[PDB]
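Visitor:
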Amino acid sequence: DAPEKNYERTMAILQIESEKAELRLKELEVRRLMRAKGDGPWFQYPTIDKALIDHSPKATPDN
Amino acid sequence: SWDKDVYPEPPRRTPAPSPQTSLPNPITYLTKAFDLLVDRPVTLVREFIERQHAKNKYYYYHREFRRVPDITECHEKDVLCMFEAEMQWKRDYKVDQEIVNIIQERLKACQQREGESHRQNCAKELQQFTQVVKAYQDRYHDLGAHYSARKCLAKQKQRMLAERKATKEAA
């Protein structure tokens with residue numbers, strides 16, 4: 237290989253691997269924040285569906 | 826040949842032969858025999874090979890690296906800039922190694938050439954050797970096997986803090 241080719245190929249490798257490393261660090265920080273706060277699309281543990289509630293008039297009024 | 830400024834030599838002063846005896850020395854006869862039997866056939870073979878070179882002349886080049894930004898003006902953990910700075914630093918370190926080698930070759934050539942009066946007559950080469958070894962030592966010594974431009978910059982900043990503190994305490 238030419239030194240130019242190896243040099244610029246090394247630069248492409250370094251850019252790809254540095255971008256992957258920054259995305260892994262951001263992924264760790266995102267997972268930490270979403271587990272702590274629960275406001276993201278991850279760590280959404282189920283609650284009861286409110287569509288199961290009967291909203292009809294019952295046999296007694298006070299409900 | 827080479828450049829006579831990077832590899833300097835003083836002018837050669839050989840004395841004229843002043844024979845006092847009547848005995849012929851064998852060295853002149855052996856010099857004539859070496860000129861006839863050895864030097865002329867070697868010269869003719871080299872002239873043949875040199876004509877064969879001159880029939881097909883072609884060239885090679887000394888590779889010129891332009892200056893890229895060094896490690897001081899690279900942002901921290903920016904691998905695309907500090908890669909190029911690190912490669913530039915490694916090339917400059919290899920060239921500084923060869924500069925020290927050139928000055929050592931000058932020192933050794935002066936010591937052989939001046940002979941038994943080498944200590945007086947090689948003070949300039951010794952002084953240039955001391956200056957370039959001090960500069961090389963301040964620049965690259967104690968960096969370790971895992972040297973980089975960052976290690977060298979940290980060493981320089983430590984040395985500059987020591988020099989600034991010594992200047993401040995002496996005033």
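Sequence lines, in order, name chains A and B.
End of the first sequence sits at 299 in this note's numbering; the numbers just go up one at a time, nothing left out.
End of the second sequence sits at 996 in this note's numbering; the numbers just go up one at a time, nothing left out.
In this text, a Cβ means the ideal position worked out from N, Cα and C, and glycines have one as well.
Which value, in whole angstroms, describes the spacing of the CA atoms of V904/B and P894/B?
Guide: 13 Å
Visitor: For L250/A, return the contacting residues in chain B, with the cut-off set at a CB-CB distance below 9 Å.
Guide: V904, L905, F908
Visitor: Taking DSSP as the reference, what is the three-state secondary structure of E901/B?
Guide: coil
Visitor: Rounded to whole angstroms, how far is the Cβ of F954/B from the Cβ of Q929/B, which I believe are closer than 8 Å?
Guide: 7 Å
Visitor: Along the alpha helix (DSSP H) that carries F859/B, what are the first and last residues, could you check?
Guide: 851 to 859 is the span of the alpha helix (DSSP H), which, as asked, contains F859/B.
Visitor: What did DSSP end up calling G940/B once you bin it into helix, strand or coil?
Guide: helix
Visitor: For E950/B, count neighbouring C-beta atoms within 10 Å of its own C-beta (all shown protein chains included) and say buried if the count is 16 or more, exposed if not.
Guide: buried
Visitor: List the residues of chain B that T246/A touches, going by C-beta distances under 8 Å, in chain order.
Guide: Under the 8 Å cutoff, chain B gives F908.
Visitor: Please classify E240/A: does DSSP put it in a helix, a strand, or coil?
Guide: It is helical.
Visitor: Beta-carbon within less than 7 Å of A910/B's beta-carbon, same chain only, minus the 5 sequence neighbours each way: which residues are those?
Guide: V893, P894, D895, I896, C899, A974
Visitor: Give me the Cα-Cα distance between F859/B and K882/B, rounded to the nearest whole angstrom.
Guide: 32 Å
Visitor: Looking only at its own chain, which residues have a Cβ that is under 6 Å from the Cβ of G274/A, when we skip the five neighbours before and after it?
Guide: none
Visitor: At 3 residues or longer, what runs of the beta strand (DSSP E) sit wholly inside the region 925 to 980 of chain B?
Guide: none
Visitor: Determine the contact status of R964/B and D921/B, defining contact as a CB-CB distance below 8 Å.
Guide: Closer than 8 Å, so yes.
Visitor: If you follow the alpha helix (DSSP H) that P866/B is part of, which residue opens it and which one closes it?
Guide: 865 to 880
Visitor: What would DSSP say about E265/A, mapped onto helix, strand or coil?
Guide: helix
Visitor: When burial is assigned at 16 or more other CB atoms within 10 Å of the CB, is residue 798/B buried or exposed?
Guide: This structure leaves residue 798/B out entirely; chain B is present only between 826 and 996.
Visitor: Within 10 angstroms of the Cβ of residue 198/A, are there 16 or more other Cβ atoms? Answer buried if so, exposed if not.
Guide: The first residue shown for chain A is 237 and the last is 299, placing residue 198/A beyond what the model contains.
Visitor: Using three-state DSSP, classify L848/B as helix, strand or coil.
Guide: coil
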